[PDB]
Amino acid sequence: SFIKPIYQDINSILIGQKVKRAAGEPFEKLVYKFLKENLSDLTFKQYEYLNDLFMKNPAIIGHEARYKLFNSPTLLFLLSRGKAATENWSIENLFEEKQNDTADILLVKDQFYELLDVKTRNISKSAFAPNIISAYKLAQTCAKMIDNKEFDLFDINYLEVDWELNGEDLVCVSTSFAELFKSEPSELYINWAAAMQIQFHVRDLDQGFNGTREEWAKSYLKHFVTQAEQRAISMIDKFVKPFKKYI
């Protein structure tokens, strides 16, 4: 990670930080503001990075050619926008924040990519693990890493900002940081109903995986396929059986 060396800083700055009454999505901006101040040459919003990539290559027009600028099938897959959106891009028609985008922030350096999400949590409310990332997208990601042998190109990490309502604004009370690729893949909770999302709180994320990036991919694909099989038959029991009587 690029932000880990200064995490203790981020942690200490964000704590006690307040914002005017995700619900706490103004806390993301602080993290981005901070990143952009201490690692400014590394820090991008995902759309910002796409904009920079294309601005550096004005000659390169069309989606075909523009996709080539990625030098990576897995990154092309995680990062790019659609073909018409890419074809249509211009200095006048730049990319903007996109609901669906994979990552909140990109830390890039020497061709190594850290995709960073900021999750925000209302510590008052009962714990409810948030959607992290699509288990399916993650399966595809794992398959593309293996097919193209990209096991040393990018990490997917998380920064959780705990907050509470203090009078008339939100205040951050603590944070956590975890690395997707350091967890035991077979331990990832896939919530099929919840748009097929891996779900957890960062603070709970296991961080003891031992093998290589390749082994993680293989093991996650095993876990995915197993959970998918289980869910298939588990659907008959929960969504069919209970209703058969009425028909």
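So that there is no doubt, residue numbering starts at 1 and follows the sequence shown. In this text, the rigid core denotes the largest set of C-alpha atoms whose superposition between the two forms falls within 1.5 Å.
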Practice task
Between 27-35 and 51-59, report the one with more C-alpha displacement in 6 other deposited structures of this protein relative to this form after a rigid core superposition.
Solution key: 27-35
Problem - Greater Cα displacement in 6 other deposited structures of this protein once the core is superposed, comparing 235-243 with 221-229 - result: 235-243
Exercise for the section: Tell whether, across the other compared PDB entries, at least a third have no coordinates for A22. Expected result: yes
Fill in the blank from the handout: Here the number of deposited-sequence residues unresolved in the coordinates between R21 and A22 is 4 to 9
Handout entry: Which of 169-177 and 76-84 has higher mean CA B factor, as the PDB entry lists it
Key = 169-177
Practice task
Could you settle it for me: does 146-154 or 132-140 have the higher average Cα B factor in the PDB entry?
Solution key: 146-154
Practice task
Kindly indicate the residue among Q207, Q46, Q197, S40 with the greatest C-alpha B-factor in the PDB record.
Solution key: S40
Handout entry: Highest-ranked of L221, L188, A193, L35 once sorted by CA temperature factor in the record
Key = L35
Fill in the blank from the handout: Temperature factor at the Cα of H63, chain-ranked in thirds, falls in the middle
Practice task
Would you please rank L116 by its C-alpha temperature factor against the other modelled residues of its chain and give the third it falls in: lowest, middle or highest?
Solution key: lowest
Practice task
Comparing against every modelled residue in the chain, figure out the third that the C-alpha B-factor of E184 lands in (lowest, middle or highest).
Solution key: lowest
Exercise for the section: Grab the CA temperature factor for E25 from the record and place it in the lowest, middle or highest third of its chain. Expected result: highest
Completion exercise
Temperature factor at the Cα of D237, chain-ranked in thirds, falls in the middle
